[PDB]
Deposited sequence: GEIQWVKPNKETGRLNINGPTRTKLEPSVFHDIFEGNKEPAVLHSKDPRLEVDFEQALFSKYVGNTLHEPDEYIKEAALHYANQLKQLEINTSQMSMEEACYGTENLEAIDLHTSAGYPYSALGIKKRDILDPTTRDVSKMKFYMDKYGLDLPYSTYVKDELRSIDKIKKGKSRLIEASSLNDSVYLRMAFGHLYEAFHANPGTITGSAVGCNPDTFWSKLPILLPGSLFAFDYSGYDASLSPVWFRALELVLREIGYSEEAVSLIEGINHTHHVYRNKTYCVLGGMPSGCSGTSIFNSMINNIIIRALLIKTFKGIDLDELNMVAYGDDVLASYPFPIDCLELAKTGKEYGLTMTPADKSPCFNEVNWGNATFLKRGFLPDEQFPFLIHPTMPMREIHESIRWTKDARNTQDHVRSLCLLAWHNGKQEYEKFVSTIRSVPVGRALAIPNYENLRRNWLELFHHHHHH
């Protein structure tokens, strides 16, 4: 993904898009009884903690495109995945605008707490000004659709979140591409049944884990991914997607029976315009972070990538023997034969992809490890590392949130086991706020977990 040009709004006639430059995060009452190195991310160019130029660090992820049209491997990969997908019998018909605004059984309503994006956010107009779940009204949506059209620019923001001190100094804060309400409804209408189909079938048919619940899914992954585990990580996945991969995604959607009108919307994601502060810019390639179905589309393309890298690197690969589950850029996979992931990364480089540093005892996925239950080793605990639970607990947007914050942390933390869950809890109970909280009890958590099966 690569910026083509940059132009000030004065010249592009664009409304200016500026959000906070101060974090809502501040140390909690637990900030000092727990260790951690994460601080809120740089929002402002003059952050005293910066050691790099802020904006050039922000946009250094747009590292360019290498390839614009599929080769034979990407084509075959895309046909393999597409053929695998046919058995889901995805409905290619357009979803109703009411369904796509207010949600179905397997696709949540458009989220009305967040911005309505360009131009709406800049006009002062909000999602709930236009959408109403009491009435289920689509009329006001039709109107603003007409008035403002589609393929509107994305609103670039900077994500206000905890990050590691190193990313703070490198200025590598996270850029958000806010979606216009119009493009969200339209993309959802085109692909909503596709979303519901994926959300409904986390696993190795979809090749995706969107919609998984780690508590039970984690026991399935060894059964789902037999053979030799290989995994790796991407650096800047979304931004390093060359157009070649959007061409491949369109072949999948065509193969699964989509009209050419629905397939056309993908080029609107390949090619995006963003307003950041008071300038606008073209981006060619790259998955815009906040479009509709990014995690579905990011996971679909990951299925294409892995397939394409295998058959281009190694002779004698049977793609039918590949097993893989993806969550956007995250990936766990297996194949009957062990895979040389360095050889893999060297051809990934030829496609403009950067992969970096495997059994069940070391694997991670959605940031959790795999820990067999000692009394029932076929049941797998997803293990959020305590070091990260510690990073979260040390900060707050709001002290009234403490009891709900700590309690979510406990539902992640206990999978690490009794001895570690009790260290965590007794550290919390060493300050008087912590002793006032209702803390879920370990045997209750384990008991309710086992009953899930």
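Handout entry: Gaps in the model, given as deposited-sequence positions counted from residue 1
Key = Unmodelled stretches, in sequence order: 358-366, 463-468.
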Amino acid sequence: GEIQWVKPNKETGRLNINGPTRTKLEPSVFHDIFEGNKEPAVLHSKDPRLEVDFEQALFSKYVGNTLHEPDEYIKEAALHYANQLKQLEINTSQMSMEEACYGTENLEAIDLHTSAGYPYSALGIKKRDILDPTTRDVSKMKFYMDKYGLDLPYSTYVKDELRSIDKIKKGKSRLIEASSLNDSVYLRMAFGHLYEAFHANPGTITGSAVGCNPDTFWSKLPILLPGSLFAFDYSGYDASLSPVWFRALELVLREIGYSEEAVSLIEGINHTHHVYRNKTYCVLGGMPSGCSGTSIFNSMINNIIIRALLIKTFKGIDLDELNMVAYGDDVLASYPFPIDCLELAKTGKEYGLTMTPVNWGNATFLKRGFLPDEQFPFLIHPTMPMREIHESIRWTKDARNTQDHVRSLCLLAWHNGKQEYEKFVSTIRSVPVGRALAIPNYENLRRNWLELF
From here on, numbers count along this sequence of modelled residues.
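Practice task
Select between 101-109 and 203-211 the stretch whose C-alpha atoms have the higher average B-factor in the entry.
Solution key: Between 203-211 and 101-109, it is 101-109 that shows the higher mean C-alpha B-factor.
Handout entry: Segment of higher mean CA temperature factor, 131-139 or 188-196
Key = Taking the mean B-factor of the alpha carbons in each, 131-139 is higher.
Handout entry: Entry-reported Cα temperature factor of residue 40, expressed as the chain third it lands in
Key = Tercile = lowest for this residue's CA B-factor.
Problem - Third of chain Cα B-factors occupied by residue 258 - result: According to the entry, residue 258 has a C-alpha B-factor in the chain's middle third.
Exercise for the section: Compare the C-alpha B factor of residue 160 with those of the other modelled residues in its chain, then answer lowest, middle or highest third. Expected result: For residue 160, whose C-alpha B-factor we compare with every modelled residue in the chain, the answer is the middle third.
Problem - Ranked C-alpha temperature factor of residue 354 among modelled chain residues, by third - result: Residue 354: CA B-factor falls in the middle third of its chain.
Exercise for the section: Give the position of residue 125 by CA B-factor within its chain, expressed as the lowest, middle or highest third. Expected result: For residue 125, the deposited C-alpha B-factor lands in the highest third.
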